[PDB]
Structures are given as C-alpha cells and as structure tokens.
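# Fold and geometry: a report
Below are the chains, spelled out letter by letter.
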Number of protein chains: 2
Amino acid sequence: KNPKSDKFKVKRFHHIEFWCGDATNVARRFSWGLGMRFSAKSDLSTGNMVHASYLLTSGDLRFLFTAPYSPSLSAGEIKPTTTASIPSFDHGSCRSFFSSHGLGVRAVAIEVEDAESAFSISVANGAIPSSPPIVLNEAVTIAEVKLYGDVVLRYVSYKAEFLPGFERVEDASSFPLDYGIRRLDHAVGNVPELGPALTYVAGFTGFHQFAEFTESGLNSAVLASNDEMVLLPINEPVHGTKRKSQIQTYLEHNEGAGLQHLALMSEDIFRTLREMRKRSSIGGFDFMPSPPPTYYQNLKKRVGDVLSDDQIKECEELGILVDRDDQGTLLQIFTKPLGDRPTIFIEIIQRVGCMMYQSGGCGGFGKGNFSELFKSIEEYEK
Amino acid sequence: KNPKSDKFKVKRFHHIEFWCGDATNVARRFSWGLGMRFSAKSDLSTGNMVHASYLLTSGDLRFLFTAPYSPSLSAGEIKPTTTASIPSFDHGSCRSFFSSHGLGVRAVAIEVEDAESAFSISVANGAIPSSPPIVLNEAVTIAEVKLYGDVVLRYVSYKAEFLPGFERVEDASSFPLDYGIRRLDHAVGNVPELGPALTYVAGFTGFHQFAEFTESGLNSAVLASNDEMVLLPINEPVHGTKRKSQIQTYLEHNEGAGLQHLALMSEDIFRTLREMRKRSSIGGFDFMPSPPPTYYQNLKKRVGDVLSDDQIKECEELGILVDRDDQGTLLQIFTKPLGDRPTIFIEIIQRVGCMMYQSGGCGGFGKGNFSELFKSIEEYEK
Ligand SMILES: Cc1c(C(=O)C2=C(O)CCCC2=O)ccc2c1C(=O)N(CCF)CC(=O)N2C
Ligand SMILES: Cc1c(C(=O)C2=C(O)CCCC2=O)ccc2c1C(=O)N(CCF)CC(=O)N2C
Ligand SMILES: [Co+2]
Ligand SMILES: [Co+2]
C-alpha cells in the first residue's frame, strides 16, 4: 500500500554532495572510475574565494565535490557579500565534518516544487533546520534540514545551469566519459537506532514505508516519496551475532551515523561493470569479492525465466548479484569503500520489470542476497 | 666550485610524502596521472589503526600518501604501543597541516648513511628538530628536522622493503603502469625571505650553493649535496613588479612557506608527456598552456646542435620547454597545480649532456625560459 502522504511536492533526486579535503583529486578519481563528465565548476577561476566545487554528471546523476579554501581568502566577506556559490557552506562545518567522518556525503539533494515551502513544512513537522531557504539570482532556491548524523537533506527548486554562480566546463577539460550510469536509485543511511531515525524522517517528509526487513548484521526499512522515485533506506546494527555487524563497523570508523551507500542505476549494467572493472587497478574503483561459482549455478533455478543462460554467464564473469521479489528482478554489485575508511561504498544496479515507465524500487534492494550468498559460500567449501 | 662540505654522508632522494585528507583518492589519481605503480601499503589491513599510507613507485621515484584515521581507533595506544608504521605521525599535526595548507608535501626524505648521526649533526648545527631518530624493527632508522614552513627534511638509513610495517601490494591491485618517470631530480621551496632560508638549511646540512639568480617574479638559489644529486632550490618573491609574483600568490594561498614543485626525471620525456597528456582530461594532470609557435621557431637557433628539427617538432607537439647552460641542455614542462589551490605543481624534465653517469643539475633549472617565453609571447602577438 502507498498512502501518498508527502507533505510537499517532491520530484526526483537532484544531486549528491561530497565534502572533501581536496575536491580536485576526488572528482578526478571519481570521473575516471565511474565514467562521469566534468560539467560545471565554482572555484577561484569563477570568482569563488570560499570553496572549490566540481560537478560530475552521467545522465541524470550529479555528483558534487566541495572543499574549503583557506579562510584567509574570504576573511573580509560577510554572508551578504559572500563569493560562495553555495550559501550554506561553512569552512568550519566542512573541516569538522571531514576531520570527524573522512570523505563522505554531506548532502542528499532532492528537487522539489518549492524549496522554501518544503523547508517550512518540514521544520513545522519536526525537521531540525540546517540552512534556511536562500534564493540564488532570483532563479533557484536552496534550503537544508538534518537527515541523520551530519548528513543534510537538501531541497532545491527552480523557477524555470546547475546553480547560479557555477560555470559550464570548457569542452577540452570536459572529456565525454560515459560507462552507462544514468541516475541515483537510492541513498542509504546507517544509524545506531532505526526506530527514532525512521520516525523523524517520515515525520517531517510524509514519506511512507516502502519496504522493511529484520543473522546478517542489520535491520532495515525504506522510506519513499509519493511516486516512490525518491528512496531512502536506513539501517541499524543487530548486536549479538557471530560475525560482526558491518553496520556497527561503519558507525565505529565513521564516528557515528552517516550515509552508507549510493545506488546508481545503469542503463546497461554489463557495460558499466566491464568499464569499471577494466579501471579498478588504474585509478578506478575496486569491487567486493565475487560470489563462488555455486551462486551462479543456483541462479538458473531462480531467474532462468528472466535471464538467458548467456546473460547469467555474463553476470558470473562480472561478479553481478541477482535478486527478485514478486514484481521484478534486480541486478546489483557493490564496490569496496570509496576512500580510506571502511564506510561509504557504491552499488551499481539495474532493474527488470514493473513496466507501466518503470516503477521505483522494482525488485527491491537485494536483501535476499545475504542468505543466498551465505548458502552459495557454504556449498562451495564442500 | 664545489667545496663538498656536507656535514654528514647523504646518498640520494628517497621519497616524498604527501599529507592528505583521503590518501586513497589522491594516490589513485596520481597513479593514473603519472604512471606509478601501487607498491606498498600500511593501513587497517596491515594492522595500522593510526594512519593510512600508500606508496607509489616509478623507477627510483617514491611517492607516499598518508591520511589520519579517526583518533578513536587508536585512543588506547601510547607511542611505546603504537600501531603506526611511521612513528613521527601525529593526528593533530596532520589535520592542522592540511587545514592550513591543503594537499601538499609534508616530507622531503633523503637516504643517508646513518639517520641518527645526520640528525644529531644537523641539530648541533642549527636544525630545528621535528622528530627524533627512531629505529624500526632494528633495520631502518628515521628522523626529521624542519626544512621550511611545515615541510620537514626526513633522514632515512638502512642497516642492510620500503619501511618495516609496510606490506608489498597484492599483484592484482599492483597494475604495472610506467610512463617513463625514473627519479626525483629536485624539490623546490617557496619562502618569504630567501636569505634566512638559505643560511638555515646550508647551515645544518653543509649543502653548498649550486646556482643562483635574481622582472620574472622571483629570486632563487639552489643548495646541493657533495655529488650534487640532492638538489634543493628555494625561491622568494620580488615585490614591486607589474604582473604579480607567482611566489607571492603561492604564499597567500598556501598560508605561508612550503614546497612549490617536484621535478621528476624521465628516461624518455617524449613518451612521458604523450602518456600524461592523453590522460589529462580523464583523471590525470593538466599542463600549463603551451608556448606559441614562435618559441619553437626560436629553438632551432638555440639547440639545433643538440636536437634535430624532428625532435624539436616533437617538443612543439608536446609543449616541451628547452633551456641550456654552458654544459648541458634541459627539456622541461610544468603541470597545472596538483590540487585545489594554486600552490604545488610538478615539473617533468630530462637532461642532455654532462657525461662522465650524468652529473646532477646538467643544464640548470630553466631560468632562461622566463625571458625566452616572454619574448616568444610578444613576437607571436605581432
Ligand atoms: C548494502 C547491501 C545491500 C543493500 O543495498 C541494502 C539497501 O539498499 C537497503 C536494505 C538493506 C541493504 O543492505 C544489499 C546486499 C548486500 C549489501 C552489502 O552491503 N554487503 C556488504 C558490503 F558490500 C554485502 C553483501 O554481501 N550483500 C549481498
Ligand atoms: C618553477 C619554474 C621553473 C623552475 O623549475 C625553477 C627551479 O627548479 C629553481 C629555480 C627557480 C625556478 O623557477 C623554471 C621555469 C618556469 C617555472 C614556472 O614556475 N612557471 C610558473 C608555473 F608553471 C612558469 C614558466 O613559464 N617557467 C618557464
Ligand atoms: Co542498496
Ligand atoms: Co624546477
């Protein structure tokens, strides 16, 4: 059931902002590793004396990388005279975030009908404010509320090209990389206590419970917007098991709650994974260890109706996981952590089914692959 | 004249250590951009709860990238029980360095006969101590003194594989990239006042003045070891010109003195620059704008005896600069800044001449290319 209870009009995921030590090196690594083009910038060369911000795009997916300059460059500025293109930015907030958590997501940004209305309604409904609505060049409105840990949910609305004050990137630096990634499918938080986290976020958004489930290290539940195109899963650890909760490991190395993974939809996951895997050892991203051959023998009996033997064999080459609910099928694979700490990682996904356009969450989030990987692993020992 | 006045036995440049926010992303970007292999690591997977350190190598050149973990992982450690593989590391020193300067070189490391002797002699001769000599696994000795700003000169000596506590990297992650770079030729500091800087460093090393020169933004002088294989140029701004001193710009954005550039010798600069330039827009490094065609017409009359028309034409394709002293010829080119701030950059060089082995500094450091670029530029306007 979908009660469609959004307290304001939400459209789609808009962008994800990483807070970095050096935005240049992170953005260049991500561009090559994921196949995203350099599409906009805001930095010293655009008149920004406050922060360096670089935007990568692939299809509709937008990754923003931001780092602070020396505060001395902007010492005479005040907020009414700022050269920052993102008015919520603060040197001290950014250095404290990064010192505490390391490289990770500061902002999960969604496009809404009216960011000022979304902000007021959210705070009137219990959201902790982080940055009030600010109108940029009377064209774009931006506002932020706390989501979990030091992650903010950022609202963006357009009257009628990323943000005012950003410049489109010079074609020579804009190499048109593309490995098939097209949009953000979901963004997942890790918290110490799921119940309060769910109550808080669902409280101020009106997002409804899309899915939920309770030996594998975690309990999880998913919040969704009215058309279930904005999907926000949240996990908590389950203490008292054998192998340690990876959620608990996350919370320890991250210094508390934060964003666990970004799932990126590919229009051709086979091509995406071939391209990403070619680059793993030359600057790109590494993938989690592949499942044993038993996992792929067992796939025939699970998705032989959806995937040819041929296509299953291609999953096995690439290490791709498959899961299925009563409506759709999910192809998924997970990177190793994106940076130094065992905290944030990326998931690549493609969904098959639920055609009407495709409905969001088609096939679920892969919770069946915990048990099926475990079984697959034991069968291969013997 | 070379008075060979080293106060201790110095061998060669050993490594350069970058202090980073996230060592993983910087090291991966540099590996791809410069063609260096992942050759050793010290991190959580090797038992290091303190810092993440990744070593890239190309020939004899060694680049180390280090970032701190959360202090909470090592809260119960003391120095006698530390899991850090580099005992001089300090979480607070590293975060303060990076907050102040951004991405850059913390340590210029030279291999000496005996690091404890080098340290004692250096401090007895005026060096400000930074980290006392520490013996690692009774095999390697490490010590550090202040060089300029927050950059340390690090002494390393071996009894008889990078450092104890580092692990050689698993061949699958060790992709054998190589674009021809072979060793560090020189490492250059920017300071507010050259005189005191020179007196201090030459005071405690016994390094001698190798070169010096005084409209182009700077005054510079070069200190050298006995065999002139360790070369340490130092620049200061010249205030009172037309175009702003790039040294002054460095000091402003870096929050004071620090390392300006690393010059990396290539065994085939043509191949190095072809490989680096292919990767500029796909995660690698950008190069400074190329000189006009006039610069390359003027090359025939300057180095037509050393370089064929053919080889000069290849310099012009690649943007390579050429200079010459009375003993040798220098091919050189400069990257744009390595990170967010207009501070540190890299030079690629190859030297022709001074054969005996090749003597260090053969051809100089390219100071003639300031005037020759300027002239070249005016000739091309008209
Ligand atoms: C994170 C994750 C998901 C996942 O996407 C998901 C959500 O989107 C929301 C519900 C809860 C949840 O976990 C699905 C499978 C999965 C992992 C996983 O993390 N790991 C550990 C590191 F890779 C190991 C592993 O073997 N499997 C199979
Ligand atoms: C740094 C540098 C050197 C250089 O290597 C050197 C030493 O090694 C020690 C003596 C002093 C010194 O400057 C040589 C040429 C040069 C630059 C240069 O910095 N720039 C600005 C940014 F690229 C612009 C430019 O046009 N030319 C031609
Ligand atoms: Co997921
Ligand atoms: Co130089």
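## Overview of the coordination of the cobalt ion (ligand 4)
- Taken together, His186(B) (NE2), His261(B) (NE2) and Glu347(B) (OE) make up the protein donors of the cobalt ion (ligand 4), found 2.2 to 2.3 Å from the metal.
- A residue is classified by how much of its surface remains accessible, and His186(B), at 2% relative accessible area, is buried.

## Examining the coordination of the cobalt ion (ligand 3)
- Around the cobalt ion (ligand 3), the donor atoms from the protein are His186(A) (NE2), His261(A) (NE2) and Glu347(A) (OE), and they sit 2.2 to 2.3 Å away. No difference in accessibility class separates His186(A) from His261(A), as the two residues are buried.

## Some thoughts on the site of ligand 1
Residue and element names in this part refer to chain A.
- Looking at ligand 1, there are 18 residues lining it, with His186, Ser220, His261, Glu347 and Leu373 nearest.
- A total of 560 Å² of accessible area belongs to ligand 1 in isolation, and the protein chains cover 88% of it.
- Among the elements of the structure, β10 (181-190), β12 (218-224), β13 (231-237), β14 (258-266), β16 (328-334), β17 (345-353) and α9 (368-381) are those that each provide at least two residues to the shell around ligand 1.
- Take the shell around ligand 1: its biggest share by element is 3 residues, from α9.
- Considering only residue class, the shell around ligand 1 consists of 9 nonpolar, 8 polar and 1 charged.

## As for the site of ligand 2
Residue and element names in this part refer to chain B.
- Close to ligand 2 lie 18 residues, the nearest being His186, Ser220, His261, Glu347 and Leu373.
- Within the side chain of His186, an N or O atom sits 3.0 Å from an oxygen atom of ligand 2.
- At 3.1 Å, a side-chain N or O of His261 approaches an oxygen atom of ligand 2.
- When the free accessible area of ligand 2 is taken as 570 Å², the share hidden by the protein chains comes to 89%.
- Elements represented by at least two residues in the shell around ligand 2 include exactly β10 (181-190), β12 (218-224), β13 (231-237), β14 (258-266), β16 (328-334), β17 (345-353) and α9 (368-381).
- A per-element tally of the shell around ligand 2 places α9 first, with 3 residues.

## Looking at the sheet that holds β17(A)
All names here are of chain A.
- Here 8 strands make up an open sheet; going across it, the order is β11-β12-β13-β10-β14-β17-β16-β15 and the pairing mixed. The open sheet is flanked by β11 (208-213) and β15 (321-324), the only strands paired with a single partner. Taking each pair of neighbouring strands and ignoring which way they run, the sheet shows an average axis angle of 25°.
- Packed on one face of the sheet, helix α7 (residues 293-303) meets β15 and β16 and runs near 30° to β15.

## Topic: the sheet that holds strand β2 (residues 37-42) of chain B
Residue and element names in this part refer to chain B.
- Pairing is mixed in the open sheet, where 9 strands are placed in the order β6-β7-β8-β5-β1-β4-β3-β2-β9. Of all the strands in the sheet, the pair left with one neighbour each is β6 (129-136) and β9 (167-168).
- Contacts between helix α3 (residues 115-124) and the sheet are confined to β5 (104-112), β6, β7 (140-148) and β8 (151-158), with β7 contributing the most and set at about 30° to the helix.
- Sheet strands touched by helix α4 (residues 194-205): β7 and β8. Its angle to β7, the strand with the most contacts, is close to 155°.

## Considering the domain arrangement of chain A
Residues and elements named next belong to chain A.
- The assigned domain composition of chain A is domain 1 (10-173) and domain 2 (181-381).
- Residue-level contacts link 39 residues of domain 1 with 41 residues of domain 2.
- Of all residues in domain 1, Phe13, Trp32 and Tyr148 give up the largest surface area on contact with domain 2, accounting jointly for 22% of the area buried on that side.
- One can count 1 salt bridge joining domain 1 with domain 2.
- Put simply, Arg12 and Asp227 hold a salt bridge, and the shortest N to O gap is 3.1 Å.
- Applying the counting rule to domain 1 against domain 2 returns 16 residue pairs in polar contact.
- Elements that contribute at least two residues to the side of domain 1 that touches domain 2 include exactly β1 (10-19), α1 (23-34), β4 (61-68), α2 (91-101), β5 (104-112), β7 (140-148) and β8 (151-158).
- For the side of domain 1 that touches domain 2, the element with the highest residue contribution is β1, accounting for 6 residues.

## Focus: the packing of α7(A) against helix α8 (residues 309-318) of chain A
Residues and elements named next belong to chain A.
- Where α7 contacts α8, the axes come no closer than 10 Å and their chain directions differ by 150°. One finds that α7 runs roughly antiparallel with respect to α8. Handedness of the crossing formed by α7 with α8: right-handed. Here α7 contributes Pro293, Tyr296, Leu299, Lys300 and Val303 to the contact with α8, which in turn contributes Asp309, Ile312, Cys315 and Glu316.
- Looking at the contact of α7 with α8 residue by residue, the class counts come to 6 nonpolar, no polar and 3 charged.

## Some thoughts on the relation of the copies chain A and chain B
- Superposing chain A onto chain B takes a rotation of 180° plus a shift of 0.0 Å along the axis, which leaves an RMSD of 0.0 Å. Expressed as a symmetry operation, the mapping of one chain copy onto the other fits a two-fold axis.
- In this assembly the copies share their binding face: 100% of the residues contributing to the interface of chain A also contribute to that of chain B.

## Notes on the packing of helix α7 (residues 293-303) of chain B against α9(B)
Residues and elements named next belong to chain B.
- Contact pair α7 / α9: the axes reach a minimum separation of 8 Å and the direction vectors enclose 125°. By the angle between their axes, α7 is oblique relative to α9. For the crossing formed where α7 meets α9, the hand is right-handed. Two secondary-structure elements touch here, α7 through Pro293, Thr294, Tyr295 and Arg302 and α9 through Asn369, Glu372, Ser376, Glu379 and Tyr380.
- Residues that form the contact of α7 with α9 fall into these classes: 3 nonpolar, 3 polar and 3 charged.

Each value, and the rule that gives it
- Residues numbered from 1 in each chain as written, not as in the entry; some residues may be left out.
- Chains lettered and ligands numbered in written order.
- Heavy atoms only, no water.
- Residues with missing side-chain atoms left out of burial classes, pairs and counts.
- Donors = N, O, S within 2.8 Å, 3.2 Å for Na, K, Ca; no water.
- Buried < 20%, exposed > 50% of the residue type's maximum accessible area, 1.4 Å probe, protein only.
- Near = heavy atom within 4 Å.
- Areas by Shrake-Rupley, 256 points an atom, 1.4 Å probe, with all protein chains shown as cover.
- Helix = DSSP H or I, 4+ residues; strand = E, 2+ residues; numbered from the N terminus.
- Nonpolar A, V, L, I, M, F, W, Y, C, P; charged D, E, K, R; others polar.
- Polar contact = N/O pair within 3.5 Å; in protein donor to acceptor, adjacent residues only side chain to side chain.
- Pairing = 2+ DSSP bridges.
- Axes fitted to C-alpha atoms, helices over the stretch in contact; angles between N-to-C directions.
- Contact = heavy atoms within 4.5 Å.
- Domains from an automatic or database assignment.
- Buried area = accessible area lost by both parts, 1.4 Å probe.
- Salt bridge = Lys/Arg side-chain N within 4 Å of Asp/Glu carboxyl O.
- Parallel < 35°, antiparallel > 145°, perpendicular 65-115°, else oblique.
- Left-handed = near helix turned anticlockwise from the far one by under 90°.
- Least-squares fit on C-alpha atoms.

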